[PDB]
Number of protein chains: 2
Amino acid sequence: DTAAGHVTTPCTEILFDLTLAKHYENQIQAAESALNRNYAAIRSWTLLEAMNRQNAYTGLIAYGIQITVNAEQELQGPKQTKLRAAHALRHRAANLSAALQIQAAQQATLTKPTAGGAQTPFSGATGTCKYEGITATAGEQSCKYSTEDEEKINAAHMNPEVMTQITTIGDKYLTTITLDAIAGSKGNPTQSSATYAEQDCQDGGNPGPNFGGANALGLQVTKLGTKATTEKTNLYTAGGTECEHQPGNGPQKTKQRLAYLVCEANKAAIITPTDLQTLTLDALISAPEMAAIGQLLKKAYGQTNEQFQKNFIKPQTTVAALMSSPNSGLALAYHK
Amino acid sequence: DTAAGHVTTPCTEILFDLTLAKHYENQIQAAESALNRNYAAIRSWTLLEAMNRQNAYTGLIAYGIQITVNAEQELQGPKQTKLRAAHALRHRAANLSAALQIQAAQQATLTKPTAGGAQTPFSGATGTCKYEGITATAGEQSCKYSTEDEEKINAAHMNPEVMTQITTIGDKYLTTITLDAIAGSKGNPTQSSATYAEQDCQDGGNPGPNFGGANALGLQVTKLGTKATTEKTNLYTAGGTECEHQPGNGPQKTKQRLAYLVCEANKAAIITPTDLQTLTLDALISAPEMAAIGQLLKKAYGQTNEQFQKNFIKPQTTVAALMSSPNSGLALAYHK
Ligand SMILES: *[C@@H]1O[C@H](CO)[C@@H](O[C@@H]2O[C@H](CO)[C@@H](O[C@@H]3O[C@H](CO[C@H]4O[C@H](CO)[C@@H](O)[C@H](O)[C@@H]4O)[C@@H](O)[C@H](O[C@H]4O[C@H](CO)[C@@H](O)[C@H](O)[C@@H]4O)[C@@H]3O)[C@H](O)[C@H]2NC(C)=O)[C@H](O)[C@H]1NC(C)=O
Ligand SMILES: *[C@@H]1O[C@H](CO)[C@@H](O[C@@H]2O[C@H](CO)[C@@H](O[C@@H]3O[C@H](CO[C@H]4O[C@H](CO)[C@@H](O)[C@H](O)[C@@H]4O)[C@@H](O)[C@H](O[C@H]4O[C@H](CO)[C@@H](O)[C@H](O)[C@@H]4O)[C@@H]3O)[C@H](O)[C@H]2NC(C)=O)[C@H](O)[C@H]1NC(C)=O
């Protein structure tokens, strides 16, 4: 758990969450790229069949259609499982970034108070100093990662075999405002302490800084901000086979839902089919589907790969760009 | 601007943002569904050609390859533009939901204070009452929409022709903590006012509720929470043709970036190709690509649609399920 072991702060959880989402997204993108390459190969061989050789080209088209349509169908499930996780991880990272900005508002700006006597919620006070609209805001926050952060929290460290837990920021960071506050009194503050120059309530003597007047009353919000904590959540049950935190068994925390989805995404294996455009002879001969489609296989495609390449892989003004161009169909219709 | 005119609260902005994202996502899903239907048709006709008729089936394959590969290529740009907007709108909705939860923390829980005399930041006070770790939290928040909310804020009201502005919650809701606070004093509170039963600082007489003791000093955070406001941002320039809020011209607010992306997504038109599985004769005859691929067209496909359907659309044990099954390639190899 190199990557998750490096999550110790809101910023580094954000980086883990975004980096794992993109990892799942790249896995799907890679598989879909492989499919489109295979469909471009089939279109390429379709034009060549239109130009013994015909049956051989059709053996490739049939083999290509079979394994590519199979893998496209086999992909949809793992695709959805992985995407559900990538969406939730990006959603969580968005959440954490928003809470980060708010928890950065740690300095308060006081308003002009208003002095009074007894009033809610100090019915027994002889003096009160009431503030409305005290605010706290921070400049735009940004996470700045070190070189090691991005080396540790990296798709290279997110293979399923090495992942057993996630680390998340505790919920209080996303739900709770925390602050320190202090009241100060001097003399006999009342409703007549209506000199507000120092953003407190003063009267008597010479009002001024540091409770200069005879009677003073005020407060300050000296600090705001909720401390982040971290929490570990395992992906698998004790035995290590099943995903923990299955939904449908009672209320769950965010970390539990995320851990379930990441576990299922890690287990959703993608079957990548053979790359048709770099296919070798021994790959086609050894392919089990080519038994039903077809020593005889060699007779038709070649007994050396150097031959199979030259006849079926290397071609020719281009077969591949044409059959994925605005003139793909006209090219096949003319030659047919 | 029926949908955006209905955004008046954080919850309804969230609904607009999520509803417009899904609209863009459905537009892409629809186009990709149309493509896969067309590729399944081409695979279907490929098997039938393997079973004059051959040239006619090949005319459909060529026409199908041409218009489907064209539309797949034409889709990639509008796809990326729309997805960039759907991602940012979902990211914004996540943001707003997190701020909503925090701005819902409007009731403070006071801590046991500590009494003192003069101390930072009241060096001139004779009495202070210091609180640490005052917190405010709310139960889990949820947006509950009315029937009209979902009728007004609806993909049916998000056609580009009717959209000219977006409405967003102002930034203070996502960045600023706001609170009211009041101090109360009675008598001569000092460092000896160390009776904290009422979560204030009391001594003298009979300390107790409502400043029962002779000397008292305390504060309360009576309310927290930042009021949401709304802001309008237009999508287009004054002339109405160009997208406003182009990036690269200086710092921008979130509403401006969103408005730019929504404008570009609204303008990114998707060219949907002809549905091959429901193709009519007059559609194929009138298709301009069929001129180069091909009165002669009718001779081969039929002079009535009822004929074109029976020969080329309606087929047969199924041609379509087979050519998208694990046995698609074996089906073509055997018949070829
Ligand atoms: C959802 O909510 C989150 C959290 O609030 C928002 O996240 C913030 O998004 C903004 C906008 O992208 C981020 O601001 C950007 O930060 C980039 C990094 O800046 C730092 O590092 C560079 C060096 O690489 C320093 O130069 C810089 O001073 C910072 O230290 C900047 O590169 C971006 O700059 C561009 O835009 C600004 C506009 O203010 C211009 O002034 C610049 O010239 C430049 O054009 C920008 O500043 C911010 O960091 C994010 N915060 C966090 C905590 O992640 C999401 O945007 C929001 N999403 C939506 C869609 O609502
Ligand atoms: C990013 O940050 C946001 C904002 O904080 C989080 O959004 C919250 O997400 C949770 C979890 O999905 C939401 O809670 C859910 O609300 C659903 C709607 O509940 C209301 O309406 C139903 C009737 O339809 C009432 O019965 C109910 O009382 C509410 O009035 C509930 O259906 C969900 O319930 C399920 O889970 C809970 C767990 O607490 C169980 O108790 C239930 O029995 C049930 O199994 C759930 O309560 C919450 O509303 C969202 N808040 C907002 C403001 O949107 C994101 O989750 C977070 N994302 C990530 C990935 O981190």
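Atoms within a ligand are numbered from 1 in the order they appear, just like the ligands themselves. Below, read A as the first sequence line, B as the second, and so on, with proteins coming before strands; counting in each chain starts at 1.
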**Request:** Indicate yes or no: at least one non-hydrogen side-chain atom of B/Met158 is less than 4.5 angstrom from one of B/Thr19.
**Result:** yes
**Asked** CG/A/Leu20 to CG/A/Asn154 distance, rounded to the nearest 0.5 angstrom?
**Response** 11.5 Å
**Asked** Would one find more than 12 heavy atoms of other residues, nucleotides or ligands at under 6.0 Å from atom CD of A/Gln73?
**Response** yes
**Asked** So, do B/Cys243 and B/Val262 sit near enough that their side-chain heavy atoms are less than 4.5 Å apart?
**Response** no
**Asked** Does a donor on one side chain sit under 3.5 Å from an acceptor on the other, for B/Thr114 and B/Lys130?
**Response** no
**Complete:** Pocket residues around ligand 2 (non-hydrogen, under 4.0 Å) come out as A/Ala88, A/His91, A/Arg92, A/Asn95, A/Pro251, A/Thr254, A/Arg257, B/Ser97, B/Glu140, B/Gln141, B/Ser142, B/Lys144
**Message:** If we count only N and O atoms by modelled type, under 3.5 Å, do the side chains of B/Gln165 and B/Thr167 hold a donor and an acceptor together?
**Reply:** yes
